[PDB]
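Okay, here we've got a single chain as structure tokens, the form solved without this ligand, with questions on binding and movement later.
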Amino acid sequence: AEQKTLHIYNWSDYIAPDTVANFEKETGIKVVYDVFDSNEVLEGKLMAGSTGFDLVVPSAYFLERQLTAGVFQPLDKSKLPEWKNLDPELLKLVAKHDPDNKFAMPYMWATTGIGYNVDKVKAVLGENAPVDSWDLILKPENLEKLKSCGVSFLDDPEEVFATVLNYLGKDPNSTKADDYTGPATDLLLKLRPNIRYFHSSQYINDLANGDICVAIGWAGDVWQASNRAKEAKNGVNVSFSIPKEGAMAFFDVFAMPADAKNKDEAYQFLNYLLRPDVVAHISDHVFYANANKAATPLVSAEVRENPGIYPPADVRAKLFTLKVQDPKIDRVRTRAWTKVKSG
């Protein structure tokens, strides 16, 4: 008799405009849907406990770090009859963080690559600018030429150091402290005078408006920037590269806090997300690949056929995933990132 409620916490710009409304119309459940613009906000609230959320959207990486902390509770697959729709390849990658896929429902995934302005890069570096390579943004001679049109990096040491280590021919997940303080920091300090800022969201609208011409960014965010520029009929042409040397893949997942009050409603929402049209519609709006293999044909051609959103087998084989480091490396990385950004 009483109203059924559900509290969700997700990234901004990571659902379709009508997803929640459609769910409410179909199920009668009241949804309170809150958003963050950085996962540091989510992670800080989960670690503090008693969030009031029934569903949250962490990284598979963070989820691994909190598996022993009891932040999350295992998902009851009997309430998720469309679980069979999830792509088995992605389930296996997520399971590196969540054995036997016990706690997390893969949601969307993408890569950390290069977002850029096509016209500005070709004006500055020529028609043969190496947009297919990390050389575009990790060679100082190129960044010096791009300095004035604006360069940004993510403010994310784990991802940036891993990208740098892969580029140098080191283990992207090296456990050697000297790899970070030595060769990775050396390259970063060479590049640093040419970097306008380190920020993990300002780069989206700056790419869309023409204010930055190259950025390390998350694929779907860059594709959103490209679409925003198109809708603004502003002439700006943004693209994204998964470079030929490889790149980091990441997997955002739905998970259920251990103190969730509205569990039946949360399962209804997850099984709704597993219906192929629901997550295909989300992908159509947010320009991220969903993790549902049944959904892929339903995604619009512009999105499904974009190999920087849905990469093919050869590109997938070049992606690496982040591993959890020992605390001693975590601290070396954080210390070194502060040095890089300082100067």
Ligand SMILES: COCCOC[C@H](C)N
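From 1 onward, residues are counted along the sequence shown.
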Would you determine, from the values in the PDB entry, which of 96-104 and 264-272 has the greater average C-alpha temperature factor? 96-104
Name the higher of the two by mean Cα B-factor in the PDB entry, 109-117 versus 171-179. 171-179
Given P157, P88, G217, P74, the residue at which the Cα B factor reaches its maximum: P74
For the listed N166, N142, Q202, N227, which has the peak Cα B-factor recorded in the PDB entry? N142
Looking at the temperature factor on the CA atom of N292, which third of the chain's modelled residues does it land in? lowest
What third of the chain, by the recorded C-alpha B-factor, contains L42? middle
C213 - which third its CA temperature factor falls in, relative to the rest of the chain: middle
B-factor third for the C-alpha atom of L322 within its chain: middle
Is the Cα B-factor recorded for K30 in the lowest, middle or highest third of its chain? middle
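One more form of this protein exists, namely the form solved in complex with this ligand; it is left out here, but the text below deals with it.
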Among the candidate residues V324, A16, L319, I329, which is the single one with a non-hydrogen atom no more than 4.5 Å from this ligand in the deposited complex? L319
Answer key, this ligand contact in the deposited complex at 4.5 Å (heavy atoms) among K45, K30, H285, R65: the residue is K30
Given that the partner is absent here, state which listed stretch (270-278, 311-319, 45-53, 297-305) has heavy atoms within 4.5 Å of this ligand in the deposited complex. 311-319
Spell out, yes or no, whether the shortest heavy atom distance between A162 and this ligand in the deposited complex is within 4.5 Å. no
Would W109 show up as a contact with this ligand in the deposited complex if we use heavy atoms at 4.5 Å? yes
Residue-level question: is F251 within 4.5 Å of this ligand in the deposited complex, judged on heavy atoms? yes
Quick one: is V121 in contact with this ligand in the deposited complex, heavy atoms, 4.5 Å cut-off? no
Any chance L168, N234 and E245 all have a heavy atom within 4.5 Å of this ligand in the deposited complex? no
